[PDB]
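In what follows, a structure is listed as structure tokens, so that the remarks can point back to it.
Protein chains in written order, with the deposited numbering: chain B, 202 to 240, 244 to 266, 275 to 460, 466 to 475; chain A, 205 to 240, 244 to 262, 274 to 476.
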């Protein structure tokens, strides 16, 4: 009702999401960007040999190197699913949805979120790994034998364009919640309440971007456009994962069913 | 130029140009669909036969060739409209070509929704109505060309856009700076920025009760890009499952590496 209260409620939502995102995601964009500047410093993996030396220096929790890198990547993606699941609980309204729809939203949303947040850890020349302790170069990843060489590259191509928007963690918190609350996922039972929540999240995102990036014309539309493009990257990624299944034990297989 | 009066002037210009370029508008289609000479209904083989009388030798392929033809006329109308968008004809000529090549299909499906309800689609300048169920009953792979368009249209049509809204949306689609092989990206994104500002103002003034309509409309890009990807896929199937299919050179050029 009273003047300014609509704006205040949207700011309070934005703050709530930010505080939750901090809680759920230990290596924030702010922390990663400071590391990427390069003054401490992560171990740099820039070829096969330094990879072998890097496995001495960083204890990895997870036979052909392209395949070991891929398996590492899989371990990390499983960890990230658990972080994103915990974050999703803090999005107002999520835990009160039909339990099956909660499962569906996360099933189809986590990949989009993984690649969004991976851009926070990337520059045009490589990616922070193992909690910011390692940095693997884009050139080394590109050098891996087909089809592994082409796995990581499109993610770098997306990241450089996405990072050009210069979002901060306060922006990304809201953007990731908008992705999760997508009413268009297959097999959703109750679409309307999901769209209702996403509507309030979009309002909060729009106000956040208008206040944080006033000189960035139509940043809100531009961000929704990236949302559109993440869908592309994911479908292409899933296309690639299938190729592997066919062209390239059981308890491991189960942890990684996806 | 981004003061309110400039944005309304741009809105009104595009609407005028849209009415000049596209003879069958949503307004005209909706008047036809709702009873104002009722269109001839094609719902089975016997009614198709009479309709071909009263409005290849094989049905599915005849339906295909008639649809290609309408696609060519659509491309022609969209090109006339694109030329009217301020700034378009001033761009590098190769980029004008690229924008049309990649933009026409997205616009084709957007505007097709104007001709659709959940039961069917207006054909032959609004003189025929071909049912969704008939289209779904066509032999492989033809029974699958139209169904994703119907799904999209039902949802898109729930946004309740009118011709004045669509004229700006379609311009936004054409001026997309992410098309493959654009040489001069910034001039295109500058124009699109101004079209987005105009679109935002238009929806806020034309649909003041419709919460986040701007965002919900831009989210329909996801549906549109996916429709076009599916359509390219279905053309690849046709290449495998069919004999000679005569293909108009305009369509051949657009499909070339698409």
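Just so it is clear, CB atoms sit at the ideal spot from N, CA and C, and this is done for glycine as well.
Residue nearest to residue i in terms of C-alpha spacing, selected from the options
i	options	result
residue 459 of chain A	A:231, A:358, A:476	A:358
residue 321 of chain B	B:445, B:378, B:345, B:469	B:445
residue 476 of chain A	A:448, A:462, A:461, A:464	A:448
residue 297 of chain B	B:393, B:251, B:360	B:393
residue 255 of chain A	A:429, A:450, A:341	A:341
residue 364 of chain A	A:401, A:436, A:336, A:290	A:336
residue 262 of chain A	A:434, A:472, A:313, A:246	A:246
residue 327 of chain A	A:283, A:391, A:347	A:391
residue 220 of chain B	B:408, B:233, B:383	B:383
residue 343 of chain B	B:244, B:435, B:299	B:244
residue 345 of chain B	B:306, B:429, B:235, B:472	B:235
residue 216 of chain A	A:302, A:293, A:468, A:309	A:302
residue 473 of chain A	A:293, A:347, A:428, A:406	A:293
residue 223 of chain B	B:289, B:430, B:300, B:450	B:300
residue 468 of chain A	A:402, A:281, A:287, A:225	A:287
residue 295 of chain A	A:435, A:463, A:225, A:207	A:225
residue 461 of chain A	A:278, A:257, A:237	A:278
residue 338 of chain B	B:405, B:249, B:304	B:249
residue 355 of chain B	B:281, B:452, B:290, B:204	B:281
residue 415 of chain B	B:428, B:442, B:436	B:436
residue 194 of chain A	B:433, B:428, B:466	As displayed, chain A neither begins before 205 nor continues past 476, which places residue 194 of chain A out of reach and without an answer.
Three-state class that DSSP yields for residue i in the structure shown
i	result
residue 297 of chain B	helix
residue 440 of chain A	helix
residue 424 of chain B	helix
residue 353 of chain B	helix
residue 329 of chain B	helix
residue 242 of chain A	Chain A lacks the residues between 240 and 244, and residue 242 of chain A is one of those with no coordinates.
residue 252 of chain A	helix
residue 361 of chain B	helix
residue 214 of chain B	helix
residue 257 of chain B	helix
residue 469 of chain B	helix
residue 340 of chain B	strand
residue 375 of chain B	helix
residue 306 of chain A	helix
residue 402 of chain B	coil
residue 282 of chain B	helix
residue 205 of chain B	coil
residue 264 of chain B	coil
residue 432 of chain A	helix
residue 239 of chain A	coil
residue 287 of chain B	helix
Min CB distance residue i to chain A below 8 Å
i	result
residue 477 of chain B	Within the shown structure, residues of chain B are numbered from 202 to 475, placing residue 477 of chain B beyond reach of any answer.
residue 328 of chain B	no
residue 411 of chain B	yes
residue 423 of chain B	no
residue 414 of chain B	yes
residue 429 of chain B	yes
Below-8 Å beta-carbon distance, residue i vs any chain B residue
i	result
residue 437 of chain A	yes
Validate contact between the stretch 366 to 376 of chain A and the stretch 320 to 337 of chain A using beta carbons, cut 8 Å, 3 pairs: Result yes; three or more Cβ-Cβ pairs closer than 8 Å.
Cβ contact check for the stretch 380 to 387 of chain A and the stretch 339 to 356 of chain A: 3 or more pairs under 8 Å: Taking 8 Å as the limit for Cβ pairs, the verdict is that the stretch 339 to 356 of chain A does not touch the stretch 380 to 387 of chain A.
Contact between the stretch 221 to 237 of chain A and the stretch 419 to 438 of chain A (3+ Cβ pairs under 8 Å): Pairwise C-beta distances place the stretch 221 to 237 of chain A out of contact with the stretch 419 to 438 of chain A, as fewer than three of them are shorter than 8 Å.
Three CB pairs or more closer than 8 Å across the stretch 313 to 326 of chain A and the stretch 391 to 408 of chain A: Touching, yes, given that three or more Cβ pairs across the two stretches are closer than 8 Å.
Contact residues within the stretch 431 to 456 of chain B, judged by C-beta distance below 9 Å to chain D: This model lacks chain D altogether; the protein chains it does include are B and A.
Any 3 or more C-beta pairs closer than 8 Å across the stretch 207 to 221 of chain B and the stretch 405 to 424 of chain B: Note that the stretch 207 to 221 of chain B touches the stretch 405 to 424 of chain B; at least 3 beta-carbon pairs, one per stretch, sit closer than 8 Å.
Contacting positions in the stretch 307 to 325 of chain A - beta carbon closer than 7 Å to chain B: Cβ contacts with chain B come from no residue of the stretch 307 to 325 of chain A.
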